[PDB]
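The chain below stands alone, shown as structure tokens; this is the form deposited in one PDB entry.
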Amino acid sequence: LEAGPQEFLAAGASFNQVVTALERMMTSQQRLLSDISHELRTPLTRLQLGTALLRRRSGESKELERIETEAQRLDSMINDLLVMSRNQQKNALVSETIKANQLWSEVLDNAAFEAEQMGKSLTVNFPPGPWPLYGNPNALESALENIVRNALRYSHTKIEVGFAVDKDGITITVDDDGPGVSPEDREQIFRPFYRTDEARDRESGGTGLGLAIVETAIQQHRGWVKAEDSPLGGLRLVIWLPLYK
């Protein structure tokens, strides 16, 4: 009931208070991570001046090449971590009651514009309705956007999005006709910085935070995410989220 307490503040309090206290925790977690990310950049710049000065004095080396490319990996990862941190900030975390159609229509309309430009096709098999959800709108927008933007990239010609409602919740299914993901990699694709060796060769995306942002948002929103085989031949991503009443 106190000053800076857990969700175990849940003992007595309403569900609503319970999630705002979680957001209180989350906002500081996001501040910790963005603060550590920002600071990691400075020993890295100094380290990089060190490698530069060494290459000047004793020239190129197998060992120096390793140190330089590892330092470069770190730089990219820290950059995408701050790109995320920038975005997750910029909007206070406030869970509100929001209707599925309002929440995701803009995402889908913008995805259609992007697809049109790429020369690919986006089909919405069944659109979202005024289905009541409870959560942070920006996190859930981002959750769908990451999944459809990934699909616009890895698809060969077509993308498909499909909504389904029930007394218990909403089921969002995204499909692509591009290459899939081997069944083994389907569990790992949700890990931060996990890219398949096939996508690592492409070099047209971030360090691999997209699906990590997705898994986190959806679990925090009392739902689930799954990667499956798509009937279109590529990847199927299924989001399930509960209904609020």
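Superpose the two forms; the largest set of C-alphas matching within 1.5 Å is the rigid core. Residue numbers here begin at 1 and follow the sequence given. Shifts are known only where both forms have a C-alpha.
Here the subject shifts to the form deposited in another entry, a form of this protein not shown in this document.
Here the rigid core is superposed between the shown form and the other one, and of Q102, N110, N79, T157 the C-alpha of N79 is the only one to shift by 2 Å or more. With the core held fixed, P43 shows a CA shift of 2 Å or greater between the shown form and the other one. With a cut-off of 2 Å and the rigid core superposed, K90 has a Cα displacement that reaches or exceeds the cut-off between the shown form and the other one. Put the two forms on the same core and the Cα of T27 is off by 2 Å or more between the shown form and the other one. In comparison with the shown form, the Cα-Cα distance of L32 and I147 increases by at least 3 angstroms in the other entry.
CA of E23 to CA of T97: farther apart by 3 Å or more in the other entry than in the shown form. Core-superposed comparison between the shown form and the other one: runs of at least three consecutive shared residues with Cα shifts of 2 Å or more are located at 13 to 93, 192 to 197, 206 to 210.
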